[PDB]
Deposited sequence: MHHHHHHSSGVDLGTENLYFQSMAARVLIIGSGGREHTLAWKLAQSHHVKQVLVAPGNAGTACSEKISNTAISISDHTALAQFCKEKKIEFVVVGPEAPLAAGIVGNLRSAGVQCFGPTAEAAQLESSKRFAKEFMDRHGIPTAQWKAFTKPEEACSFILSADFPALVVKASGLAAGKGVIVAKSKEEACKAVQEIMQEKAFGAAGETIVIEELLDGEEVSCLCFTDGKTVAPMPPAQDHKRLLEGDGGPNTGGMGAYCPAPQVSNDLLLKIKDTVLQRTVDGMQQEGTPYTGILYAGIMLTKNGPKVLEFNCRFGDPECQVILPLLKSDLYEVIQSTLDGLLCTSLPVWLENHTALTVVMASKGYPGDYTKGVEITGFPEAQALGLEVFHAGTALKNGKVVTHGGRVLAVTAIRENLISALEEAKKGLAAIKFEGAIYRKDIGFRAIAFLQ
């Protein structure tokens, strides 16, 4: 099925990665990214479009006029806005869950209730709308009830003391419901799968670093780096997770008459008691996408097309084994607070020539130059035989790329390396 045109929604590194990867398919003549960035502007197959992504009527008309085969959604917002359901009733295929099914991410209360209803393991919890009753619960639990979550996508506060959790319940009920749950401990890992509603095809597990500074210090951010596969997870554990979380989530959704299709993301804590779910999401994470998709050997276009057709098992994904992908984000001075914009970037061509992938996040074209246009500017991904080697190879690319006030971490993966 040659000469397909495909559309991706979004404008960060995740969307560059999806575009790059799709463009490799022999089935694909054109990838359009809406609105895209400087990394996707100007390629043999990839280009940007200013089509509105929030007016679903106009988006559908644009899809049919250009004969777009299907739409791929990068970020979570359009999913929760109904993009899939609306494109479908207009006769346009879109990869992703419906708004109803994205409730696994969009409402934390729904997710926790859904999990209790189907014996999916997760931290014990309770929801509140009055803050006084929330304090009562914090103050009188014998387990550490110290994690407070704004139900509607601060958002999440992990307190160390009852005092801090009461303080937190106060801040989140300023500017619905909140969920207070047990503080678990152990290792966090991201477990994704492709799913068509019935079949489940897990991705190899990833980990990322949210903290701004080396050593895991400073403020949290959207993610300063990631790598895949996380060596902390045995094969047994992955099949426990596939059975106990992924297949069980999809089956549960299907059995409640709200089938789940696209990507299911589960954030998981490895406890002494086993795997527990911290949160669901409905799309690739950023910068994890930048380390999972480079590991995919199959044609992504085939995987997606077969997922839309409900024939996921006819085209199971095949992964690169014995390779580790690791990615390191370059960010603008001041991130995650106020940062500078419009700063000229050099060296990303030589970084790629060294055999690395450069995935653009906040970049833009300006007067024949590429300039910073966002907090996270780009990521360099290396694919090698182990973490340590991938890290050091990525760092050569990082040293070639220069912009005024660039920051990045030189220790991505340090814990996985210490685990081994």
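Unmodelled regions (deposited sequence positions with no C-alpha coordinates, counted from 1) are 1 to 21, 175 to 177, 200 to 206, 452.
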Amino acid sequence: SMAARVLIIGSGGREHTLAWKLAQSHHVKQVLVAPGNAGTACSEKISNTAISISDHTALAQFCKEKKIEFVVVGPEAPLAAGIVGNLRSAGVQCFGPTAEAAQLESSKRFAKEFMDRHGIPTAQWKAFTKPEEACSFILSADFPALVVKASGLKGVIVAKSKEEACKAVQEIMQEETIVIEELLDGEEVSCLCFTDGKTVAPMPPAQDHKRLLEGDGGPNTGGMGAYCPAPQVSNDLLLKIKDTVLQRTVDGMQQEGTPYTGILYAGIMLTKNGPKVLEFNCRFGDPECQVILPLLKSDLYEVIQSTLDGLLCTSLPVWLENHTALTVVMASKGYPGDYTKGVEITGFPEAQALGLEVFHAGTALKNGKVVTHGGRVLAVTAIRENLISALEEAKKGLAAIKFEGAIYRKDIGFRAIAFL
From here on, numbers count along this sequence of modelled residues.
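Looking at 113 to 121 and 231 to 239 together, the entry lists the larger mean B-factor for 231 to 239, computed on C-alpha atoms. Between the stretches 262 to 270 and 166 to 174, it is 166 to 174 that shows the larger average CA temperature factor. Of all the options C289, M253, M224, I138, the entry's greatest CA B-factor is assigned to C289. When all modelled residues of the chain are sorted by CA temperature factor, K198 is found within the middle third. In the deposited entry, the Cα temperature factor of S315 places it in the highest third of its chain's modelled residues. When the modelled residues of the chain are ordered by their C-alpha B factor, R376 lands in the lowest third.
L192: CA B factor in the lowest third of modelled residues in this chain (values from the PDB entry).
In the PDB entry, a CA B factor belonging to the middle third of its chain's modelled residues is recorded for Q30.
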